[PDB]
Every structure is written in structure tokens, then in C-alpha cells.
């Protein structure tokens, strides 16, 4: 439903048309010579254009590989958009399927990369995804499971605060360290106890919080938590 002429002209438009047509070899040929990171109209970049051309019916191996080959050629998956809007890598970490982030990881994007506006590890953006697939993909590629944001929060701590319960469970199962304290002295367990104290006994949320507690204990984490100092 989208037309490349609305965003690009000239050499960039010719590359945009090869992306539109899913022509991997033509993309490889043009990408070594075309300005890959100069934005077009409406904040569109050629890399976002490739993402836009690999969804729905067009989520094919070849069109996913177009993403990979653009990045290998110099397209920056961490380039921000204006006013604090996010990069293609951050954007696709929010997806419900890991095919797009994998295409980027296959081009050498670091699973420990930080974003260029805020300096926050991009893996934190997986916590807003509908399922854990993009987090799984980053962990499978070697991301530091205990990486922290600027306030000392880990993914485990942030995921519970986000109420991203399946992300919490996956992180515990993969061996995330549950005893890490953020800068404020809280562990994930401190918040888990608070959530359990506020939940309605027998509710679906109470069952899910107790599942997390059981899995925390199964993986050797301390329960009950030490009070915050």
C-alpha cells in the first residue's frame, strides 16, 4: 500500500525500488554506492523501508535478507529518528516475532548495543513486546542477561515493573541473577513481595505472581527478600 516515490528520489529511489521488488542481488549491487543513512521524507530511511517491505505476505527469507545486506553495506540499525523517536533495531524489538531482529543480528548488530539518544541498552525494548521471542533472540545471540540501565535496573527488575510476566519467567529460566540490586537498593524480589501483598488471592494475576515466586525459588533465588536498606 506504500509507494517509495513518496519518500525518496534519485539514487535512493532506485535502491528503494529494488527493495520494493525484493531483489537481493540488485540490493547488494546498489547498496555499496548509495547513501544508505540519509533520511527521506516523513523520517523514512532505506532501512525502515526494508522493514516495511518484509511484513505480512512479504515476510520472506529473501526480503528479510535484504535487511541484513543493507546493514552489512553500512545502513545503521541504531540510527535514531528526530525528537527521540527510535531506531529500526529498537522498533523491531517490539515486534511479536523475532524474524526482523534476527536479520539485523545476522549483520553484526551487537546484542549489547545501546541506543544513540539515551544510551540505554536496546534489549530493554523487548519488554514491551507481546511475547518473549525478541528477548529470546537477543539472549540466544549472547546479550548480557544481567545488563543494567543507567539506574542499575536489570531486565528482570524492569520486566516485573512493566508487568511483563512471561519476560520475567524467561529471564529466570535462562539464569538471570535475581539478587542484583538497582541503585535504590531494590531487587526484583522486593517488588514481587509488594505485588503479592497487593494482589487479589485466587485472581489470575495472583496465580501468575506465585508462578514467578515458585520459579525464582526453583532457580535458587532468595525468598522472602531482604528488606530494602
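Residue numbers count along the first chain shown, from 1.
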*Quick one: higher average CA temperature factor, 201 to 209 or 17 to 25?*
201 to 209
_I need to verify one thing: averaged over C-alpha atoms only, is the B-factor higher for 161 to 169 or for 54 to 62?_
54 to 62
_Given 196, 180, 46, 176, the residue at which the Cα B factor reaches its maximum_ = 196
*Grab the CA temperature factor for residue 130 from the record and place it in the lowest, middle or highest third of its chain.*
highest
*Of the three thirds of its chain by CA temperature factor, lowest, middle or highest, which one includes residue 70?*
lowest
*asked:* How does the C-alpha B factor of residue 215 compare with the rest of the chain: lowest, middle or highest third?
replied: middle
